[PDB]
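Let me begin by presenting the structure, written as structure tokens, before commenting on it.
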Amino acid sequence: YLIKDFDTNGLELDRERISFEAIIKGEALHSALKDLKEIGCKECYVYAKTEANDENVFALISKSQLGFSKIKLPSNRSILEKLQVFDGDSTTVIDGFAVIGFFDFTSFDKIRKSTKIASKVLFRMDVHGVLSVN
Amino acid sequence: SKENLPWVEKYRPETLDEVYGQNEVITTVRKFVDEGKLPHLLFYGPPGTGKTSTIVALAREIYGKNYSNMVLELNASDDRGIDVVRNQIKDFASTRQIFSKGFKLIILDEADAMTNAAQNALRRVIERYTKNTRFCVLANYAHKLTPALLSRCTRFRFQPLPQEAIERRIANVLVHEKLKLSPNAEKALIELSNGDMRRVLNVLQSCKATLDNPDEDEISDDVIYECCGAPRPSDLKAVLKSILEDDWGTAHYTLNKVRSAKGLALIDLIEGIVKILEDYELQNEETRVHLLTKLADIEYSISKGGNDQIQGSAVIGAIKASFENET
Amino acid sequence: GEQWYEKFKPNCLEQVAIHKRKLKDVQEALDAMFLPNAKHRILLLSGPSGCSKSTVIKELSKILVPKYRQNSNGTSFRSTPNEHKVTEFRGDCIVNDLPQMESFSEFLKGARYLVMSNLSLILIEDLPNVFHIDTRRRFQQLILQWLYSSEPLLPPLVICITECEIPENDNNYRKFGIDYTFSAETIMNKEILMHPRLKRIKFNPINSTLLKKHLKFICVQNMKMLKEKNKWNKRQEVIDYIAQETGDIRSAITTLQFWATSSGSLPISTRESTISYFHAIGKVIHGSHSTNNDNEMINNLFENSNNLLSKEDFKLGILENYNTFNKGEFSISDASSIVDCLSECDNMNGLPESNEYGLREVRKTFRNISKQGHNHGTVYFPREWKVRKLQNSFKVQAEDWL
Amino acid sequence: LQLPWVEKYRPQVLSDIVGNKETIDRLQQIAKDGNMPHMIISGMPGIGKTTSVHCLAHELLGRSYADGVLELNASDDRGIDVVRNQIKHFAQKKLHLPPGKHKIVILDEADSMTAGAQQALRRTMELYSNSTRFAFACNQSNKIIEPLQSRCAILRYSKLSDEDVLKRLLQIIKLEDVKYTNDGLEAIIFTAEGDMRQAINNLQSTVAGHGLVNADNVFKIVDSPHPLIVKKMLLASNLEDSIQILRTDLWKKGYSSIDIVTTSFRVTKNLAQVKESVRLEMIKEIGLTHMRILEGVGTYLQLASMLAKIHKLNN
Amino acid sequence: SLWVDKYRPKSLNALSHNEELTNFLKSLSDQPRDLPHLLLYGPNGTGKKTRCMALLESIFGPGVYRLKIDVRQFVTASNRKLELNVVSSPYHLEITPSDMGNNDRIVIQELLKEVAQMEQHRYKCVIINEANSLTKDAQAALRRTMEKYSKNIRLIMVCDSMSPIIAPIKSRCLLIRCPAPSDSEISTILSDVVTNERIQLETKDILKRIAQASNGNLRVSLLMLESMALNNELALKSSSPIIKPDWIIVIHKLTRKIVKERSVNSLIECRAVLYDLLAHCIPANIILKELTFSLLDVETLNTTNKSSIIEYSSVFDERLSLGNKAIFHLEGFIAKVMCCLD
Amino acid sequence: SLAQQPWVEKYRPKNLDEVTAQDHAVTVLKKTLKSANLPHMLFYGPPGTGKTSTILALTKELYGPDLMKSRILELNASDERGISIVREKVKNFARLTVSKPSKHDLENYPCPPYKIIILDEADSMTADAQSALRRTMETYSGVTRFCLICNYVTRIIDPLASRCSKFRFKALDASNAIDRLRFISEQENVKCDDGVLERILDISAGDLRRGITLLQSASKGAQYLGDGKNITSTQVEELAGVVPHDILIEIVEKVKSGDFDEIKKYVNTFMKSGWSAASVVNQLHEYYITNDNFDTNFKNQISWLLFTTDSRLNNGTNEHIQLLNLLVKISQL
DNA sequence: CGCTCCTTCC
DNA sequence: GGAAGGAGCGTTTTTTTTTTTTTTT
Ligand SMILES: Nc1ncnc2c1ncn2[C@@H]1O[C@H](COP(=O)(O)OP(=O)(O)OP(O)(O)=S)[C@@H](O)[C@H]1O
Ligand SMILES: Nc1ncnc2c1ncn2[C@@H]1O[C@H](COP(=O)(O)OP(=O)(O)OP(O)(O)=S)[C@@H](O)[C@H]1O
Ligand SMILES: Nc1ncnc2c1ncn2[C@@H]1O[C@H](COP(=O)(O)OP(=O)(O)OP(O)(O)=S)[C@@H](O)[C@H]1O
Ligand SMILES: Nc1ncnc2c1ncn2[C@@H]1O[C@H](COP(=O)(O)OP(=O)(O)OP(O)(O)=S)[C@@H](O)[C@H]1O
Ligand SMILES: Nc1ncnc2c1ncn2[C@@H]1O[C@H](COP(=O)(O)OP(=O)(O)O)[C@@H](O)[C@H]1O
Ligand SMILES: [Mg+2]
Ligand SMILES: [Mg+2]
Ligand SMILES: [Mg+2]
Ligand SMILES: [Mg+2]
């Protein structure tokens with residue numbers, strides 16, 4: 001078919017300013033996405049936070065007919081490996097600032113199948129609010 | 001390449017600078033974008049006045065190369081039911097910006113074909129998401145639009161293109177592609193266009209195709225009429241004079257000769273005679289009433305298809321009877 | 001905080017705003033249905049909004065169920081006497097392991113067991129989603145099975161249907177009977193309505209006398225605030241207005257409370273009542289007393305009753321009943337003009353302004369020849385349906401002969 | 001990109017709403033007392049129905065507005081399942097609002113809900129009325145089924161008067177320090193036709209496009225209303241004048257024939273200057289022309305013939 | 001068996017009236033390879049279907065007269081069942097889409113196209129009864145179906161009036177006029193029938209009356225001849241009364257009532273008779289025509305009354321053609337006629 | 001197919017070179033043979049003017065037998081053309097990439113970079129379906145071209161008529177299509193008197209299909225007769241269905257002598273012969289208008305009378321009633 | 001929206 | 001025993017396209 005005038009490359013992540021970046025196991029993320037799908041999630045919240053003494057928090061908060069539910073990943077290296085919350089710069093890491101991204105679950109659930117076969121998942125949020133998943 | 005495209009698409013304006021005949025609207029939109037105070041837009045107008053072209057050029061100017069992901073365009077050819085409005089448009093208007101390029105534009109082309117439920121659902125979407133989202137509604141028939149949607153959109157009326165704008169665009173087309181157009185041919189083209197640029201471009205393309213060698217041959221009024229098949233003004237004048245002065249047999253012979261020499265259609269002749277009569281001196285209103293009613297009835301009969309000779313004789317008799325009221 | 005129409009609810013059968021004749025008829029029918037082997041199995045109550053159908057049903061149940069309910073021998077669920085005189089169906093119940101259309105069935109299959117020692121009056125006021133075609137078919141089939149059932153004992157079944165119009169909505173494009181009117185005829189079918197074991201009693205709007213009496217009682221009950229706010233001396237007029245504005249007791253009480261609570265002076269208004277078919281025909285033919293300008297009346301009727309006036313049934317009724325003006329003794333020219341106008345309207349592809357033209361022509365023609373000394377005939381529903389049925393029979397017979 | 005003044009200066013308290021002073025005072029008394037009943041607010045678009053309902057809910061609740069208001073709308077799904085689950089659970093929710101307050105369910109644009117949804121609303125209101133109240137907002141009150149109307153107090157909002165529109169426009173101009181004159185404000189009010197949202201939008205467009213507000217500047221952005229031009233065309237003594245109006249003011253300005261015919265019918269419906277028979281004949285001719293246009297002949301000659309027939313009927 | 005069918009000619013040579021049409025049919029069947037689509041238009045009862053069957057027999061032999069019937073089911077857009085009794089033969093096919101009302105278009109799209117695609121090398125002949133009753137959409141759909149698949153199928157259509165036929169169809173078909181039989185030919189046919197049936201007759205004039213009471217329709221002529229013969233114990237006398245269709249007598253009585261009583265109550269009473277006639281599935285247009293021409297036969301009325309009657313009849317016939325419900329226009333015609341007469 | 005097809009189907013133009021009387025548009029269609037610049041086309045005209053044949057020949061010329069089956073999508077009234085079809089099938093075909101031409105077709109045929117969608121009989125499409133075709137016709141104009149064929153141009157919505165270059169197919173008469181009919185007759189060895197072909201064209205009233213069918217019928221009749229005599233005008237008139245001049249004269253005489261009883265009796269007798277009301281109405285119009293023995297006012301009234309009766313007939317009215325009313329009304333005048 | 005008839009008040 | 005108020009009467013026929021909800025899946 002004729003190539004759509006729309007450029008599919010228009011959506012990309014700016015590497016200069018990354019709000020935060022995370023590494024997670026594929027199995028845990030797939031389980032969390034399945035859990036959100038079961039409860040009929042309508043809106044999703046990606047919450048990321050880094051604090052002192054090696055404190056890492058990555059959570060998915062679902063707004064649905066159940067109300068508000070929370071799924072938080074552990075701090076174990078085997079599941080959640082390594083986290084930064086840069087605050088926008090990709091150079092300096094600060095502690096205490098929480099990055100929150102609000103998404104429609106319709107778009108968020110389109111990566112569950114890709115995550116089922118995943119062996120590793122890299123999450124990245126920029127200041128502009130675009131979520132990148134490798 | 002673009003040479004393959006029809007002139008109606010090859011000569012599509014790429015920037016607002018190429019848009020002619022909408023100077024007030026163009027300037028208002030320029031000021032809106034320059035001051036960053038563009039409101040919800042409702043471009044209402046007849047076909048081929050430059051609404052889609054104007055909005056596309058505006059989107060190009062605002063964003064540039066990002067027009068792909070900064071603007072969401074929906075038209076009649078696509079599904080625009082209540083479900084589409086509730087999911088696709090809502091998702092597009094409720095998401096952040098790729099590069100903070102001011103706002104996200106939604107071009108609801110041919111929105112007059114949308115369902116009432118879809119418009120009702122879209123009104124509150126328009127109201128809720130306005131900080132970083134904008135709506136443009138293009139229409140040719142306002143009565144199909146709900147009153148609330150009309151009230152919530154700033155209305156811009158696209159008048160029929162003035163003569164000067166069409167002459168400028170014809171000059172640009174001729175300069176772009178080597179071709180000569182006679183002043184009489186240009187005047188006839190303007191008259192038959194009735195403020196439609198699509199007709200202008202189509203007739204120009206077909207008239208170039210009519211000319212044997214489009215290198216040194218100049219377009220003339222005869223070529224324009226032959227290509228379009230419409231009657232020349234002289235034929236209309238002659239047939240009207242015969243009807244209003246000559247006898248029944250002479251009038252019938254004149255009409256038959258006029259419409260058989262070039263195979264003219266009776267609908268075009270009736271329209272031309274109506275236009276000519278609209279600017280005549282009448283001393284009585286009943287004459288005008290008879291002319292208008294009988295001619296409208298005859299056109300309505302012609303629209304459904306019938307006996308051509310019967311309809312022609314009907315036109316002649318209606319004109320003769322109506323003009324008998326005078327004096 | 002509590003709304004008055006709920007606070008001032010009847011505590012006995014004598015406080016229900018129901019006419020004596022209708023109340024006696026309902027009592028007799030319900031008592032008959034409670035007999036050991038009752039001929040009637042279903043009580044179909046149909047009427048407008050707020051005519052005290054459910055109220056009178058519950059009040060009568062409170063007196064009847066204790067009389068016939070067989071005494072228990074310690075088999076009651078709880079220590080309480082099981083105060084469940086009325087068992088009602090809830091249309092928004094969503095159990096886990098059950099399809100939606102099967103909800104009502106699951107109710108009915110349970111309702112059969114509420115007999116003898118577990119006697120209870122089965123009331124169906126909150127109907128299932130009858131707008132869904134499959135749900136409506138299942139509901140009709142279940143009702144038919146109940147009527148044709150073969151159990152020695154069944155509990156009395158009462159179906160209260162609030163007859164109201166369905167406003168023309170954009171989300172709905174179908175033009176079925178239920179899409180136009182929500183009544184017993186559209187919800188049920190001919191077989192159920194004509195069943196010998198089903199009794200249908202039609203309720204009427206509450207008359208002005210009962211409304212005035214109950215409004216006066218309500219005002220007397222709340223005397224401190226009315227006297228304090230200086231609205232007592234003018235209460236009567238307000239009540240009168242309500243009495244002549246609506247037949248809905250609930251709406252009347254709500255309007256009275258709204259007027260009383262207002263500290264200033266807000267105009268008194270009540271819910272709008274749809275004009276019936278014969279009422280609309282009479283308005284078109286003989287006119288309206290509440291208005292003298294025909295244009296205003298016709299505009300109001302079209303704006304408020306567009307659904308009824310758009311159908312060809314109204315045009316056929318006008319054609320059928322235009323001759324009852326003076327028992328037919330009026331100039332034939334007027335009849336010819338009316339029929340010619342209706343015929344020419346028939347060619348306008350059912351445009352709304354074609355209906356406007358027809359109704360306005362009829363109104364003008366009847367106003368021209370109107371006089372004080374007029375005696376009218378009887379209004380009859382057009383017999384196009386009978387012609388269609390005869391045509392269908394003719395088609396069947398012709399097919400057989402062929 | 002500053003927000004448009006239709007939203008930037010949206011009233012937040014009921015005291016800032018101009019027009020319909022009696023109903024607004026009643027709403028203020030309701031907010032003060034707190035005993036809000038089920039209500040239906042009907043009126044013309046853009047007169048302050050949604051704003052009034054939202055302001056009343058805000059004043060009633062305050063810190064509990066988020067947890068005590070369930071705003072549904074046409075853009076949101078409002079089917080029978082929605083009533084069965086979301087509205088039902090919201091009504092069942094037990095709050096701790098002050099003694100004289102109740103949860104508010106704002107069903108904006110309620111005149112578009114499905115029949116089954118309204119039938120379920122009957123039961124949900126019959127059962128959850130002790131702690132939940134419904135504030136329907138619509139344009140036509142009859143679009144709500146009678147069983148639901150029976151439980152709701154009806155408030156009909158009237159068209160805005162010129163004085164209220166002028167007062168609010170002056171307040172907005174003073175807040176924005178916009179330069180204005182008398183003729184410009186008069187033109188804005190005249191073109192508003194009682195719709196304050198339209199008035200604000202036209203004022204903003206005029207100031208942003210031409211700066212100082214003038215009669216000519218306002219007329220540039222906003223044309224004369226179509227219904228008034230149509231009424232002038234219909235009410236004419238000479239057929240020539242009506243034809244001239246139709247050509248210059250309607251046909252040459254880019255108005256479709258179908259729109260002209262529909263507005264002509266609407267105007268003839270509400271015109272009260274001639275006898276019933278004349279208006280009836282005009283409606284008949286308008287209908288014939290509408291028929292002839294719907295089949296494809298949307299030509300100027302058809303409108304001219306319609307005008308000629310109307311003029312003949314008048315004489 | 002009914003004498004109408006048991007005497008039906010089964011060959012072109014058997015025809016004894018309208019010899020010009022018989023010769024034209026012979027010419028058409030002379031080279032049955034390039035036969036174009038045919039549209040036979042003529043007054044009802046002339047024998048158009050008989051002529052079509054005779055031509056089909058002369059072309060494809062005698063299997064056409066061996067008719068078979070089948071049930072073909074149709075599913076519409078709304079999943080609605082439709083049943084059309086398909087009359088088929090090993091050499092031809094017959095269909096009456098008018099029985100499907102406004103759904104006839106589907107028959108044009110799903111039946112004719114599918115069979116046309118199938119290849120029989122000779123062609124198949126399809127007959128459409130009451131072509132003028134086809135909706136405009138069906139006629140439009142027929143155009144390219146006929147044009148594209150002329151190799152496989154040749155179409156035969158029959159009608160009593162070409163007015164409701166769209167111009168493209170008339171362009172795509174070869175028109176054949178079928179004049180109705182004259183009084184003499186009907187008299188000869190009836191004489192042969194009575195002679196072969198061993199029925200007694202007194203004078204031939206009776207047959208002429210049988211020809212006059214029908215006035216072109218041979219089917220009703222034979223039916224009423226049989227009715228008279230059986231009623232009179234197989235002895236037709238000169239004074240034997242002529243039996244007419246019941247609805248005809250009803251219409252004449254209604255006309256007499258209209259003439260006698262020009263009043264509103266008279267209109268109301270006539271409305272019931274109109275309802276009964278419509279309930280007998282009598283077409284509204286034929287009702288209007290018969291009422292008009294019964295009224296025009298009244299001796300009391302003068303020229304002006306008759307002219308007004310015919311004007312109103314034509315106007316209301318157009319309104320019936322363009323209208324949905326038929327009662328309005330019939331009642332309006334009657335009311336206007338009564339107003340003028342008064 | 002040489003002797004097993006109708007003459008109309010066997011003589012369908014195969015190439016644009018043999019289209020007879022559509023030069024005003026055939027020249028434009030030919031000059032774009034090597035232009036790669038074919039625009040969207042709207043052919044409109046009366047029945048049997050050579051619209052489908054023209055587009056089929058154009059497609060054959062540009063693509064050829066092998067490539068035609070892939071670059072052409074044809075839809076007509078017989079096909080179901082609902083709004084959903086327009087949205088899905090037409091859009092999908094328009095958005096498709098043009099199939100790669102082979103070596104042979106490129107060597108021998110232009111093979112333009114665009115395909116064709118032919119919506120024959122577009123006047124039968126609903127307004128909404130026509131609206132759904134507006135932007136599709138424009139978005140994919142670089143790889144697709146549209147052709148809409150119709151008899152009633154007014155039935156096409158204004159936006160589509162604006163989006164398409166309009167070609168009017170003129171009526172074919174004895175001065176435009178005599179050559180084609182003469183060629184067909186010569187190839188079919190059909191014999192006729194001088195002016196017979198002109199009479200057939202005049203009877204056709206601007207429809208070469210009707211003329212060809214009438215010529216085929218006349219040839220069949222002549223062959224069956226087997227007399228070796230040229231076909232005369234009488235035979236073509238009789239097979240065409242034209243009322244004989246004698247019947248017209250008798251009708252005129254009855255009308256002139258105003259008498260309702262006599263007129264209605266004669267009308268009943270005439271209509272019991274199977275004649276068509278349209279033909280007799282046309283003949284009466286010709287006779288009355290062309291006659292110089294009548295006053296101007298009578299012609300003015302009779303023109304409107306004939307127009308009204310013809311309009312009534314086109315609506316599908318009873319021919320008997322309409323003819324009787326027309327005759328009575330002319331008698332009154 | 002009237003007719004007709006039945007209840008009730010007075 | 002007029003006078004007013006009120007009840008009962010007076011009612012049921014399909015079917016083009018398209019969109020949309022509902023339910024099941
Ligand atoms: N102002 C203009 N200046 C130059 N060319 C124009 C102008 N308006 C229209 N055209 C030409 O005509 C074509 C019409 O394009 P559109 O902008 O879609 O017309 P339109 O006003 O949208 O008609 P509708 O309402 O969609 S049918 C353009 O692609 C140009 O080729
Ligand atoms: N005196 C009274 N008589 C009857 N109902 C009363 C009275 N006073 C208050 N009401 C209330 O008014 C309301 C109307 O009565 P309902 O019987 O519920 O109406 P309805 O006949 O059921 O109409 P629907 O279908 O419920 S809208 C009920 O909530 C009653 O409790
Ligand atoms: N009475 C009023 N006083 C002051 N501002 C008003 C008034 N009415 C409308 N406005 C302004 O117009 C804006 C839109 O008003 P809304 O109340 O949303 O319209 P509306 O009356 O609800 O019409 P609908 O129902 O949404 S179509 C408000 O945000 C105000 O800025
Ligand atoms: N210009 C022409 N030159 C030669 N033969 C023609 C011409 N026009 C029509 N014909 C003949 O008549 C037949 C008519 O075919 P079409 O081209 O489909 O007619 P048409 O213009 O499509 O009529 P409509 O509009 O579909 S009813 C052709 O197959 C030819 O046999
Ligand atoms: N030429 C004929 N000779 C004898 N009988 C005929 C002839 N033509 C028709 N009929 C008779 O007329 C009857 C009805 O004819 P029919 O086929 O119904 O005509 P149409 O097709 O015009 O309605 C047939 O039963 C047939 O017996
Ligand atoms: Mg556009
Ligand atoms: Mg109740
Ligand atoms: Mg609102
Ligand atoms: Mg064709």
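Letters A, B, ... mirror the listed sequences (proteins, then strands); counts begin at 1.
- For the 3.5 Å distance criterion, the side chains of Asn73(D) and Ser75(D) qualify, holding a donor opposite an acceptor.
- Contacts of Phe330(C) classified as ring pair (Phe, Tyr, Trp, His ring centres under 6.0 Å), with partners at least two apart in sequence or in another chain: none.
- For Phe182(C), the ring pair (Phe, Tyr, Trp, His ring centres under 6.0 Å) partners at least two apart in sequence or on another chain are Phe131(C).
- An OP1 or OP2 oxygen of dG2(G) is reached within less than 4.0 angstrom by no side-chain nitrogen or oxygen of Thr324(C).
- Donor-acceptor pairing under 3.5 Å is recorded for the side chains of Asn85(D) and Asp81(D).
- A donor and an acceptor atom, one from each side chain of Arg122(D) and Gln119(D), are located under 3.5 Å apart.
- Between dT23(H) and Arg137(C), no contact under 4.0 Å exists linking OP1 or OP2 to a side-chain N or O.
- No engagement by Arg136(C) is indicated, since no non-hydrogen atom pair under 4.0 Å with the nucleic acid exists.
- Glycosidic conformation of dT17(H): anti, with the torsion beyond 90° of 0.
- Among the protein residues, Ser288(C) comes within range of the sugar-phosphate backbone only, with heavy atoms under 4.0 Å from sugar or phosphate atoms but none that close to a base.
- No side-chain donor from either of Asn129(C) and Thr135(C) sits under 3.5 Å from a side-chain acceptor of the other.
- Distances shown here put every side-chain N or O of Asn102(E) at or beyond 4.0 Å from the OP1 or OP2 atom of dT15(H).
- Within the 4.0 angstrom heavy-atom criterion, only backbone atoms of the sugar-phosphate kind lie near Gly82(F); the bases stay farther away.
- As judged by a 4.0 angstrom heavy-atom cut-off over every strand, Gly116(D) is placed among residues making no nucleic acid contact.
- Phosphate contact (OP1/OP2 of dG6(H), side-chain N/O of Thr209(C), threshold under 4.0 Å): present.
- At the heavy-atom level, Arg81(F) lies nowhere under 4.0 Å from the strands shown.
- Pucker annotation for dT20(H) reads north, on the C3'-endo side, since its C1'-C2'-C3'-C4' dihedral is above zero.
- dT7(G) and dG8(H): their P atoms are spaced 12 Å apart (whole Å).
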Watson-Crick or G-U pairs under 3.5 Å in DNA chain G, rendered as dot-bracket with [ ] for crossing pairs and | for another strand: |..|..|||.

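- Per the geometry, CZ belonging to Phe176(C) stands 18 Å off P belonging to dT20(H), to the nearest Å.
- As judged by a 4.0 angstrom heavy-atom cut-off over every strand, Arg84(D) is placed among residues touching the sugar-phosphate backbone only.
- Within the 4.0 angstrom heavy-atom criterion, no nucleotide atom of any strand lies near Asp134(C).
- Stacking fails between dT15(H) and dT16(H) under the rule that six-membered ring centres lie under 5.5 Å apart and planes differ by under 30°.
- Phosphate proximity of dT7(G) to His19(C): absent, as no side-chain N or O sits under 4.0 Å from OP1 or OP2.
- Between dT13(H) and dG2(G), the distance separating the two P atoms is 29 Å to the nearest Å.
- Within the structure, every side-chain polar atom (N or O) of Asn204(C) is placed at least 4.0 Å from both OP1 and OP2 of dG6(H).
- Residue contacts for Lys20(C): at a heavy-atom cut-off of 4.0 Å it reaches no nucleic acid atom on any strand shown.
- Heavy atoms of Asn129(C) sit under 4.0 angstrom from primed sugar atoms or phosphate atoms, though from no base atom.
- Among the protein residues, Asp128(F) comes within range of no part of the nucleic acid, since none of its heavy atoms lies under 4.0 Å from any strand.
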When you compare the protein's N or O atoms with those of nucleotides 10-12 of chain H, which come within less than 3.5 Å of each other, and at what distance?
residue: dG10(H); atom: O4'; partner: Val379(C); partner atom: O; Å: 2.9
residue: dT11(H); atom: OP1; partner: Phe381(C); partner atom: N; Å: 2.9

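- Residue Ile285(C) is out of contact with every strand shown, counting any heavy-atom pair closer than 4.0 Å.
- For the OP1/OP2 pair of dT17(H) and a distance below 4.0 Å, the side-chain nitrogens and oxygens of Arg105(E) include at least one atom meeting the criterion.
- Residue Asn207(C) is in sugar-phosphate contact alone, with no base atom involved, counting any heavy-atom pair closer than 4.0 Å across all strands shown.
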Please tabulate, for side-chain N and O atoms in residues 381-395 of chain C, each donor-acceptor pair with protein atoms closer than 3.5 Å (sequence neighbours left out).
residue: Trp385(C); atom: NE1; partner: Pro382(C); partner atom: O; Å: 3.4
residue: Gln391(C); atom: NE2; partner: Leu278(E); partner atom: O; Å: 3.0
residue: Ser393(C); atom: OG; partner: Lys389(C); partner atom: O; Å: 3.2

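- Side chain of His286(C), nearest nucleotide from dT19(H), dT24(H), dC1(G): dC1(G).
- In this entry the distance linking CZ of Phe104(C) with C1' of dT23(H) reads 18 Å, nearest Å.
- Residue note: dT13(H) shows a north-type sugar, the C1'-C2'-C3'-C4' torsion being above zero.
- Nearer the 5' end of DNA chain G, as judged by each residue's closest nucleotide, is the contact made by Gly282(C), out of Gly282(C) and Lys327(C).
- Residue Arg367(C) holds its CZ atom at 13.0 Å from CZ of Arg360(C), rounded to the nearest 0.5 Å.
- The ring pair (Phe, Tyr, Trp, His ring centres under 6.0 Å) search around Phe325(C) returns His286(C), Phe366(C), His374(C), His376(C), not counting sequence neighbours.
- Atom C1' of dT15(H) sits at a distance of 34 Å from the matching atom of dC1(G), rounded to the whole Å.
- Looking only at atom types and distance, the side chain of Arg80(B) has no donor-acceptor partner in the side chain of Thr115(B) under 3.5 Å away.
- Heavy-atom neighbours of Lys327(C) NZ from other residues, nucleotides or ligands within 6.0 Å: at or below the threshold of 12.
- Within the nucleic acid shown, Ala280(C) has no heavy atom closer than 4.0 Å to any nucleic acid atom.
- The residue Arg383(C) sits apart from the nucleic acid: no heavy atom pair falls under 4.0 Å.
- Classification of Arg200(C) and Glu163(C) as a salt-bridged pair holds, one side-chain N sitting under 4.0 Å from a carboxylate O.
- Between the P atom of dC1(G) and the NE2 atom of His374(C) lies a distance of 17 Å, rounded to the nearest Å.
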